[PDB]
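Each of the two blocks below gives one form of the same protein chain as structure tokens; they are labelled structure 1 and structure 2.
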Structure 1
């Protein structure tokens, strides 16, 4: 009869109303916050410029460390191309915080060791500084547990857009034809509001909700949202969503630079990225990469591309240690208002090339080390900071870094052994009308009154004593002698030596000013050691070690900016002399093994050893950084190592795993290279040893030329 109308309407209206209802949250979600985006974690941005001392090879190592790819002939961003005396590159487009930049084509030209020229191949013009984009290290854990990197619509290559369509073609604004199922289109609606599981509660709600979307929204944007939602793997308990990140994750390339062969694979996995997870079961994953490629038009080749698809080897939690520092320095410098922020861009101090040289030095170094000496176990921690700024370049905290749970770079305090010796010599040499490099120190049997029964009788490594009964300031440190060290530190005063430590920048509640301290009764963590030697390397300026450079909000508002905050802790002339002496340590003295392999870096270094070598060390200073190397057993059992030669051969490795800048040591004012005689008295002309004296006048020389 009728009713099909008075119900038709009583069937209408309720479609709407509820329609209008679920036409309101569909709006009042997409408009404002659409997700909870984690913080991107970025490394250092390098700034190239003429006369920079970076080699061509050095540069190559750099570009690849930063995601660029050596090609035969360029074609898109992220690519470079090597010549005899130059590199041509398409500097990929990145959103720099001083000025968003776009892709740039540049030929870096080198003259011998130093980059000579950087030119824009557009205007055949020169740059004065040329910026290099940062590498994405990781993404701070999403509290939502859902990790994304959001790239706007433009950030998606046409083909990618296309090849995505070529599997669920975009219709009109409905659905229709596609539903030729004989037993869908944009399904963004599905995993954005809808839950689980199967229909018909779902599909019904999905479609209605879909044509609501499509309608009161742009047939474009729909795919800006879509291409940022789809699921493409896990990295622990975090999801991996959107294409932008997938590229990095699987292929380590901006989503903007996918070769269509890969580019199509990501499109394929959309059907079930867990059963497609390219590492877990590749065979299957490869096939899906083909049903896509193998698809009618476009146009010539299903052959070329079908050959191999790299997809590097996984990242669960890269850089667990450095990240620990960052994580820490954030909390300190901001408070809590941050883990509740969306799309933040943390720019750190991390150096890709350094981390690699080091991680490679460890994982390779220690096993090779255990081999020669056997040793059922062994461990290391490495720390590289910037000589002058104190910015932390690289941080290894274990024999296996990409595997870290415990972080020996930060949370393993250990006896610094002979590594303590310089604090004394520095404390003396900061006179300098009292103690000079040529100053005689007694080398004779020490026995000290221990304020609790015992009597301290320190001794030399070989236990001997100079037949002279004395030895010069220089040598004593150069060879890292005990007796003449205690002798000196004790004449300086423990309190005195103690504040130098305070000034170099070590934890205050670690100094206990008993004599042992002098020979290394002092338990620091490598990070802290790093800090001390930093302070001396820098010319005597305490720059507090720092992992952060900035931290920008989704918009562009700086939320924190790390400004230079170095401080004058000890006289330059003193620091100089300690270093120049340490240069001796590395060529003439204990670290002589290193002066040999790299005689041209003229490193300054100190050797670190403990009783029975339960803690070995080496502190190294090239022209541009400080590199603290620790080797020792987790259980403090003695290493059986040949002294500081354990830590020294890790460093040596790291030293060769990359290209160090040489330490060319410009002296402060009031530094005079004078000659001493054999009895070590200063002489006017001649001399047989020349030493850097700190004086505002060599009438010193003429005083020495009588008395």
Structure 2
């Protein structure tokens, strides 16, 4: 015989083992970067409510139930919630499940108690939601999860199917789990008995040098389970989140049957296109295992009478607007030397609750404005950032945030109009010896000769002038009076005002120092406006906006860490006086519709309008965040909206869709509340009006009083 044949196949097998080594002993796959939202820490004495906490939990993929049994679940009671915080690999320290009770004392979090030992936590970590993945060059997207990470039952459901009961190394006789691992991992497409035998040879070599758990650990992360546009969704972990919005470790049995059922055929059982052949395949799996010992008959009818929820969505590109900022910030910080790495973890500043509320305000708000005014193509952008740290919490780049290609929060450069006014008042108030809230500004006809040849003659909103010819600075800003603003600004000088703009953090090449700049001849994107208003909201510290918190390697190596880098930009006292006045605009000025609806928030804000309302804006500052809202048309035509009411309606819905933090303005040093009389002069005691004043010696009133 030519038995040497068993020899060149033996060497072909030994040399085959050479390939099933360099592959599995290292990078099995190029693993895409995972993008996570914010990690929230809870603390006792935190200002939050139970209903507020419920929303944060549901936004973080938690499910409210009657009785808890699994991670990612929680129960509500009269004055508290009980949850099972799911396990997560926090950069700071890996954590398992924790059964906690958060107890609420009305307005705040009273206690957080470990249900295990009945003791209190000093702070408690909530895991971050997976927002998205960063496209993998392969076109194949995976979320690696170790063996242990898979629930016993989905492994049982998996074994109850494909590899019927085991796979010890009979199946062929009657007429393979390791057999298929190589099929997807090493082999070509289809037709070949040689393929059938080539994998069969790789299967023995495989299951010879690698453990049981290691085979299905690679398998449960390799199987094709979906198609997101032109990206392969494979692996049970990523499929779970993609096909249920919940981790693999937390799938219900009926959801485990579906995924598994979709392994045989992985595209025709797709619950989107045809839910019928998927429902039958699901129930089929439910009857497959029902025969073996794992499944009861009574519960079977439940799982079968258990429709699919199922994400009923496409999710091809989650949070397109915010992800633009993320991609942009990654390039700047780490460069192109990042996607070279596999299994990278990106921790962002994204707030799921805020995003939900902004998106809802945009989606419902815009059609409402179009109906109430008979419009045809109205658009909007919303940016939310943290008051003090400049972290970007939310970004809405269009009235249809779900499906976005053009991101208006970052790309739509638009005249800010009267939103420009605080810069001027901030410039003035930064000089406490000369300009104060009670300083009188002329309000009379203006005529400014400019570079050839026409004369610039700005008018008040109502084409009227103050009967006295003058108005106090406080009231000019409150009422967004055009004429006093130009008189103030021209007296301060366009260079001084322009320098305030740079300190506030606006792009320097957008600044053109001519009179109209004072009234908003300044074109910015919403994210750039947010920077400017964050600087005044923080109390004068410019905190560069960012969407990244950290970037960790698969092994836990820190590729990037964010450190606080706020820069003192304007005096805190001037920032304060400007904000106090912006509280006036919201209570009694142009923003007064908002102060009437949310009196207890004491919001500070500024309306923005342009000639014929081409662009409308609102900038609202609460206790914790700055929200910029823009409403207008892409073609740059008049909106027909009147006043900042369009941007204030969107913002008002934003405020209603979440739980805003009251703004309680704490006065910095050397701020004193002082009375003035009707003439506007300071008085020692009394005064019909009280205004805060930057002074270390309120005895500029003994001086004022000595007029006699």
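Residue numbers count along the first chain shown, from 1. We call the rigid core the largest set of C-alpha positions that still match within 1.5 Å between the two forms.
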Item checked: Displaced residue between structure 1 and structure 2, judged on C-alpha after the rigid core is fitted, out of 239, 79, 305, 359 (threshold 2 Å or more) -> 305
Note to self: Once the core is aligned, does residue 542 move its Cα by at least 2 Å between structure 1 and structure 2?
What the structure shows: no
Notebook entry, point to check: Aligning on the rigid core, do we see the C-alpha of residue 455 shift 2 angstroms or more between structure 1 and structure 2?
Noted result: no
Item checked: CA of residue 296, rigid core aligned, shift of 2 Å or more between structure 1 and structure 2 -> yes
Check: Quick one: CA shift at residue 684 between structure 1 and structure 2, core fit, Å?
Finding: 0.7
Notebook entry, point to check: By how many angstrom is the Cα of residue 198 displaced between structure 1 and structure 2 when the rigid core is overlaid?
Noted result: 2.0
